[PDB]
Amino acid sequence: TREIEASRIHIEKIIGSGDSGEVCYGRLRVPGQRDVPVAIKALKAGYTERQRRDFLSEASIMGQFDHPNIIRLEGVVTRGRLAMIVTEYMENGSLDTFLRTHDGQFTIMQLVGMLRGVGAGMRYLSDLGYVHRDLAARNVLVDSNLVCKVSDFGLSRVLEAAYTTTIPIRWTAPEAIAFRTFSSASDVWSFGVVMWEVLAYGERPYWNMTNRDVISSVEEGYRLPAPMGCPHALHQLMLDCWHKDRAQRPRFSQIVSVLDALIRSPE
């Protein structure tokens, strides 16, 4: 089973996660194996049946993912009114703060490899028919071997292709901001911004702009400028992710083949 009994969990750090969540780090006892470092996300006491239902579906979809660039579910705690999601521990945490704290320490090739990994995770996810809706370097986690994994499936929904939510402005496609239409193509817009963050080593997107300036400038056709050191094909790929017409944006499959080509024959 994936249900974990509470005494198997050792907790050493607990942090607020917005309004009614917390995130913990610690270790998990695993029968006949060394203790496994884990991250945990949980609902705090007082949650509604609805939050419980959404939380447990998030756990349920995550549990079906099996890919090198998708965070692994270790298991769940659901008994006795607890609701925690236990995932593999990622030594180097969030990608944006990781690069920010190691500024200039990687080669462009290593940074492209990181991006290709995020791209592979998103291709896996979109092929299954999920839209993420919250893709950002803050939600990409880094392991000890610099492997990037897509995380945080709380806003993830299945498509039929679009989806309406009955938002993080700097990473969201304008059609999703404006009309709440989320698609694999709006995740592709978000991926472009991630590409930008990575090449800028965790610089804040549109750092010179207020939120309302972001919305109006982007619809007027403003695009993030290439970060220093960014290869021309990489910038072009970003710009393509940011087409005004969602149908003109590359699909993740194409994004991955483009990155693979630049890893194989560097420009």
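Numbers for residues come from their place in the sequence shown, where the first is 1.
(Q) Residues without coordinates, deposited sequence, stretch from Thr166 to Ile167: is the count none, 1 to 3, 4 to 9, or 10 or more? (A) 1 to 3 residues are missing.
Q: Pick one of none, 1 to 3, 4 to 9 or 10 or more for the number of deposited-sequence residues not modelled between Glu160 and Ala161.
A: The entry leaves 4 to 9 residues without coordinates here.
Q | Residue stretch of maximal mean CA temperature factor, 254-262 vs 12-20 | A | It is 12-20 that shows the higher mean C-alpha B-factor.
Q) With respect to the recorded C-alpha B factors, which stretch has the higher mean value, 142-150 or 175-183? A) Comparing 142-150 with 175-183, the higher mean C-alpha B-factor belongs to 175-183.
(Q) Looking at the C-alpha B-factor values in the deposited entry, which of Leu239, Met228, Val30, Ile40 comes out highest? (A) Highest CA B-factor of the listed options: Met228.
Q) Which one, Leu199, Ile70, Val36, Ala45, has the peak C-alpha temperature factor per the PDB entry? A) Each of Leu199, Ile70, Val36, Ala45 was compared by C-alpha B-factor; the highest is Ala45.
Q: Report the third (lowest, middle or highest) to which the CA temperature factor of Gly63 belongs, ranking only the modelled residues of the same chain.
A: For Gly63, whose C-alpha B-factor we compare with every modelled residue in the chain, the answer is the middle third.
Q) Relative to the other modelled residues in the chain, which third contains the C-alpha temperature factor of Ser156: lowest, middle or highest? A) Ranked within chain, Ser156 CA B lands in the highest tercile.
Q. C-alpha B factor of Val86, ranked within the chain: lowest, middle or highest third?
A. Its C-alpha B-factor, which the entry lists for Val86, ranks in the lowest third among residues of this chain.
Q: Determine, from the deposited record, the chain-internal third of the Cα B-factor for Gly129: lowest, middle or highest.
A: For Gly129, the deposited C-alpha B-factor lands in the highest third.
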